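Ligands are counted one by one from 1 in listed order, and the atoms in each one are counted from 1 as well. We're numbering straight along the sequence, starting at 1. Computed over heavy atoms, backbone and side chain alike; hydrogens, waters and symmetry mates excluded.
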Amino acid sequence: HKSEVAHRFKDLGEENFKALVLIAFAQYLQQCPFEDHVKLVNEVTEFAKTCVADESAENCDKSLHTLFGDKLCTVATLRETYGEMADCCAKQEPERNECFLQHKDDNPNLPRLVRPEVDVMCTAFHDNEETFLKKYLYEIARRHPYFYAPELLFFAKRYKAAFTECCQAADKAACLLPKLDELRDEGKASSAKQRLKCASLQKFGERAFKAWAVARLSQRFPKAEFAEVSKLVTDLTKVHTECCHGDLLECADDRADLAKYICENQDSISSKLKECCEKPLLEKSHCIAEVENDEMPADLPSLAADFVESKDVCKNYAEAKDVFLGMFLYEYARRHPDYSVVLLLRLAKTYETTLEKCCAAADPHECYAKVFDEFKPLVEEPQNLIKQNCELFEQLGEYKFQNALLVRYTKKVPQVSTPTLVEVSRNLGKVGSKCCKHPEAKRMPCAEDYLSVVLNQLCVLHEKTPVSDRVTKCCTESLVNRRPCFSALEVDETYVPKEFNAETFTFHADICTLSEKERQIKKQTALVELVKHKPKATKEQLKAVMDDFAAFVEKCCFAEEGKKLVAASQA
Ligand SMILES: CO/N=C(\C(=O)N[C@@H]1C(=O)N2C(C(=O)O)=C(CSc3nc(=O)c(=O)[nH]n3C)CS[C@H]12)c1csc(N)n1
Ligand SMILES: CCCCCCCCCCCCCC(=O)O
Ligand SMILES: CCCCCCCCCCCCCC(=O)O
């Protein structure tokens with residue numbers, strides 16, 4: 001268009017425009033205070049209004065990158081605060097913005113955000129609602145420079161709904177705190193899923209990402225033909241490649257073009273896209289990315305005809321292996337939306353290995369004739385883990401299930417630090433409470449999403465501080481074999497028990513006033529140290545020690561009765 005900034009202002013609207021501009025500047029100038037960014041937003045917005053009134057006005061014909069880069073280089077504190085980022089200003093726009101992207105700090109050293117009191121938040125939300133929501137956008141954008149800015153607007157509007165409803169209820173804290181914990185966890189999980197998917201795209205290559213996209217899209221859109229799914233996978237791969245690069249402009253236009261195409265070909269893709277495609281342009285791609293699974297045609301034949309019993313299995317495979325394997329993934333994924341994506345990739349890799357061996361053997365047809373039998377043990381393994389863990393979760397509670405996982409994982413790998421074993425087991429316990437409530441149709445896909453972000457953060461700290469050879473051996477393994485190995489870990493019999501420290505098991509009455517979360521973490525910390533001290537302790541012996549601890553904590557609310565509890569448990 002003649003004035004691109006005017007076109008953006010008319011499409012997004014003034015409110016969304018200012019919010020997106022605040023996020024854009026906060027992701028590049030992460031160290032500048034909130035008041036400086038509010039001034040920059042008002043200046044860009046006032047300039048955009050001159051272009052809407054007259055697209056032929058001065059500088060209105062410049063590109064968004066030029067206008068943004070020129071405005072980024074007008075900051076007086078650019079040389080002193082960001083240093084090498086000021087050297088980017090001596091380059092032309094094609095190289096200047098790339099120089100800006102290279103200086104985005106994915107891990108800035110900013111202090112933790114502290115949740116204010118409920119009465120303070122509600123008062124602040126009432127006094128100045130706009131700056132309240134803008135402060136949220138500023139703090140999260142500067143801490144996550146690659147966070148998709150429209151998705152950040154999606155969270156900000158949910159905070160507005162949370163404070164609007166809860167600050168007028170009879171009990172504000174009971175209403176607001178569960179919603180804030182939900183928005184906090186989903187926000188941290190969103191940025192964590194983006195970082196993992198971007199890092200996996202650079203390491204494992206584009207082929208592995210397309211294989212993942214084929215499986216997930218075929219589950220999402222089972223009524224679509226393979227040519228349609230393959231066209232969506234190509235566009236989706238291009239979208240993620242650029243969104244991972246950091247250029248917000250190219251990322252958003254790609255997602256806009258993809259959502260526009262999907263909404264224009266609903267009859268060839270899915271029937272569940274009626275609601276998402278009626279939403280505004282800013283919310284299309286985000287909505288489609290979380291659309292519900294469509295129903296399968298139900299008239300789908302078996303896969304043995306095209307992939308097992310046909311005489312041209314090796315011929316069609318030799319013509320284009322990834323296309324043939326992609327068609328195998330497409331057909332298997334559209335028929336099993338209850339499987340996890342990594343499970344479908346597990347079956348595709350098995351079918352790929354089989355064809356490589358069989359198509360070169362003497363009798364290929366007889367060789368891969370029983371390939372589907374290899375898929376059954378691979379499918380039963382996660383299914384039996386879901387039933388085994390959800391049944392154990394049903395007998396116990398969330399806290400008791402977390403303590404059950406603590407003893408299991410401490411015996412298997414006691415070399416891991418105690419706060420890590422506690423934090424991981426608590427998160428794995430929340431995975432069980434969230435996914436075991438779903439029916440079996442959504443249990444395995446639910447577990448995959450939450451386990452992928454928990455197993456990665458377990459090794460996000462273990463890669464910086466290695467302490468176990470078995471843990472780091474399977475976080476360097478393939479992505480489809482990461483979870484199966486963690487389930488295949490065994491008890492370390494060659495582990496000498498840790499020395500008994502009296503100060504470790506020593507407890508004081510200060511834990512009786514602490515919150516429930518604090519008393520649990522303190523009790524769960526001592527449970528790991530007990531297993532590290534006596535890994536050969538039976539489940540019956542361990543329960544007797546835990547039952548005496550719950551009774552001693554109730555009676556002591558000191559050190560005299562604690563000495564008898566240590567000596568009795570040490571026998
Ligand atoms: C910007 O914050 N300032 C606020 C305010 O609104 N705080 C809210 C509160 O308690 N919040 C929560 C959360 O739920 O923890 C959070 C946590 S969400 C989050 N935190 C991270 O560190 C991160 O990396 N990613 N994500 C997604 C953010 S602000 C909001 C405020 C209100 S009155 C006042 N004086 N300050
Ligand atoms: C039409 C798009 C085809 C995309 C390529 C599909 C290749 C399937 C390979 C299956 C095994 C992959 C395992 C892995 O990459 O981790
Ligand atoms: C979320 C990044 C892509 C945004 C555009 C979405 C286009 C349709 C995606 C369909 C759902 C895919 C979800 C997934 O692959 O995990």
Side-chain angles (χ1 to χ4, degrees), residues 34 110-125 127-128 131-140 142-144 147-148 151-152 155 159 162-163 176-177 179-194 197 200 204-217 219-221 226-227 229-237 239-240 243 251 254-259 261-262 269-270 273 276 284-291 320-330 341-342 344-353 449 478 480-481:
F34 173 73
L110 296 175
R112 183 184 64 86
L113 295 174
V114 290
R115 173 178 298 173
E117 291 293 323
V118 172
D119 319 74
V120 177
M121 292 185 294
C122 283
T123 297
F125 176 82
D127 294 332
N128 198 327
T131 67
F132 187 100
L133 300 170
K134 295 307 168 299
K135 282 175 176 293
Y136 164 81
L137 294 174
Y138 161 79
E139 296 295 341
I140 305 301
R142 66 199 297 252
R143 288 172 171 83
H144 306 277
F147 204 108
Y148 190 59
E151 185 174 349
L152 217 49
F155 282 106
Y159 279 94
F163 286 101
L176 188 65
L177 295 179
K179 301 178 185 301
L180 294 181
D181 297 328
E182 177 184 3
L183 288 168
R184 171 196 61 193
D185 296 355
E186 295 181 12
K188 292 176 174 292
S190 175
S191 58
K193 290 176 183 178
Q194 177 191 100
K197 185 177 301 302
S200 63
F204 290 155
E206 177 171 319
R207 181 179 181 267
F209 183 88
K210 283 196 170 186
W212 166 88
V214 166
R216 189 61 195 94
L217 279 180
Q219 285 179 321
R220 209 64 144 275
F221 313 136
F226 175 77
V229 175
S230 183
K231 196 264 184 181
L232 297 176
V233 166
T234 297
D235 295 0
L236 183 62
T237 305
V239 163
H240 279 276
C243 293
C251 170
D254 288 333
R255 297 182 57 155
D257 298 336
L258 181 52
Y261 172 81
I262 292 179
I269 293 180
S270 177
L273 309 169
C276 286
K284 282 192 186 181
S285 67
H286 171 81
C287 189
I288 302 179
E290 57 185 2
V291 74
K321 298 183 177 180
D322 290 356
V323 173
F324 191 75
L325 298 169
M327 290 183 294
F328 177 85
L329 252 182
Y330 158 77
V341 179
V342 289
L344 294 162
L345 299 178
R346 244 166 262 156
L347 305 180
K349 182 58 194 300
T350 302
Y351 183 72
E352 176 185 27
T353 300
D449 294 330
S478 55
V480 290
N481 294 23

Checklist entry - Can you tell which of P116, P111, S190 gets a heavy atom nearest to atom 7 (N) of ligand 1? => result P116
Checklist entry - Between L113 and ligand 1, which residue portion shows a heavy-atom distance shorter than 4.0 Å: side chain, backbone, both, or neither? => result side chain
Checklist entry - Does ligand 2 have an atom that lies less than 4.0 angstrom from a heavy atom of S478? => result no
Item to check | Heavy-atom nearest option to atom 32 (C) of ligand 1, drawn from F155, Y136, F163, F132 | outcome: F132
Checklist outcome for this item: One finds that the ligand 2 atoms under 4.0 Å from a non-hydrogen atom of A348 are 10 (C)
Item to check | Min N/O separation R115 to ligand 1 under 3.5 Å | outcome: yes
Checklist entry - How close does the nearest protein non-hydrogen atom get to atom 2 (C) of ligand 3, and which residue and atom is it? => result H240 NE2, 3.5 Å
Next on the checklist: Can you classify the ring geometry of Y159 versus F163 as parallel (below 30°), tilted (30 to 60°) or perpendicular (above 60°)?
Outcome noted: parallel
Item to check | Proximal ligand 2 atoms for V214, defined as those under 4.0 Å from one of its heavy atoms | outcome: 2 (C)
Item to check | Region of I140 that comes within reach of ligand 1 [heavy atoms, distance under 4.0 Å] | outcome: side chain
Next on the checklist: To check your reading of the model: name the closest protein heavy atom to atom 2 (O) of ligand 1, its residue, and the distance in Å.
Outcome noted: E139 CG, 4.8 Å
Checklist entry - What protein heavy atom is closest to atom 3 (C) of ligand 3, reported as residue, atom name and distance in Å? => result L236 CD1, 3.7 Å
Item to check | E151 with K193: basic N within carboxylate O range, under 4.0 Å | outcome: no
Item to check | Side chains of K349 and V480 in contact at under 4.5 Å (non-hydrogen atoms) | outcome: no
Next on the checklist: Can you tell me which portion of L232 lies within the under-4.0 Å heavy-atom range of ligand 3? Options are side chain, backbone, both, or neither.
Outcome noted: neither
Item to check | Ligand-residue contact atoms, ligand 2 with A208, heavy atoms, under 4.0 Å | outcome: 15 (O)
Item to check | Donor-acceptor under 3.5 Å (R143 side chain, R112 main chain) | outcome: no
Item to check | Donor-acceptor contact present, side-chain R220 to main-chain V291, <3.5 Å | outcome: yes
Checklist entry - Do the side chains of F147 and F155 get nearer than 4.5 Å, heavy atoms only? => result yes
Checklist entry - With a cut-off of 4.0 Å, which atoms of ligand 3 are near a heavy atom of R216? => result 14 (C), 15 (O), 16 (O)
Checklist outcome for this item: In terms of its nearest heavy atom to atom 9 (C) of ligand 2, the top option of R207, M327, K349 is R207
Item to check | Which segment of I262 sits under 4.0 Å of ligand 3 when only heavy atoms are counted | outcome: side chain
Next on the checklist: Just to be sure I'm reading this right: ignoring hydrogens, which of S285, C251, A215 gets closest to atom 5 (C) of ligand 3? Compare them by their nearest heavy atoms.
Outcome noted: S285
Item to check | Residue and atom name of the nearest protein heavy atom (relative to atom 16 (C) of ligand 1), distance in Å to one decimal | outcome: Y159 OH, 4.1 Å
Item to check | Contacting atoms of ligand 3, where contact means under 4.0 angstrom from a heavy atom of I288 | outcome: 8 (C), 10 (C), 11 (C)
Checklist entry - In ligand 3, which numbered atoms sit nearer than 4.0 Å to a non-hydrogen atom of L217? => result 10 (C)
Next on the checklist: Regarding atom 33 (S) of ligand 1: of the candidates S191, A124, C122, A189, which has the closest heavy atom?
Outcome noted: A124
Checklist entry - Among protein heavy atoms, which sits nearest to atom 13 (C) of ligand 3, and what does the distance come to when rounded to 0.1 Å? => result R220 NH1, 3.3 Å
Checklist entry - Salt-bridged, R184 to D181, with N to O below 4.0 Å? => result yes
Next on the checklist: Below 4.0 Å from ligand 1: does a non-hydrogen atom of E186 turn up there or not?
Outcome noted: no
Checklist entry - When you look for heavy atoms under 4.0 Å from ligand 1, do you find them on the side chain of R112, its backbone, both, or neither? => result neither
Item to check | Which residue and heavy atom of the protein sit nearest atom 7 (C) of ligand 3, plus the separation | outcome: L258 CD2, 3.6 Å
Checklist entry - Identify the closest protein heavy atom to atom 1 (C) of ligand 3: which residue and atom is it, and at what distance? => result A289 CB, 3.8 Å
Item to check | Ligand-side contact atoms (ligand 2) for residue partner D322, heavy atom cut-off under 4.0 Å | outcome: 3 (C), 6 (C)
Checklist entry - Mind checking whether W212 has a heavy atom under 4.0 Å from ligand 2? => result no
Next on the checklist: Regarding atom 23 (C) of ligand 1: of the candidates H144, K135, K179, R143, which has the closest heavy atom?
Outcome noted: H144
Item to check | Close side-chain approach of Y148 and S285, heavy atoms under 4.5 Å | outcome: yes
Next on the checklist: Ring-plane angle category for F328 and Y351, please: parallel below 30°, perpendicular beyond 60°, tilted otherwise.
Outcome noted: parallel
Checklist outcome for this item: Note: ligand 2 atoms sitting under 4.0 Å from heavy atoms of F226 are 1 (C)
Checklist entry - Can a non-hydrogen atom of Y138 be found less than 4.0 Å from any atom of ligand 1? => result no
Checklist entry - Which option, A211, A213, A227, owns the non-hydrogen atom nearest atom 8 (C) of ligand 2? => result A211
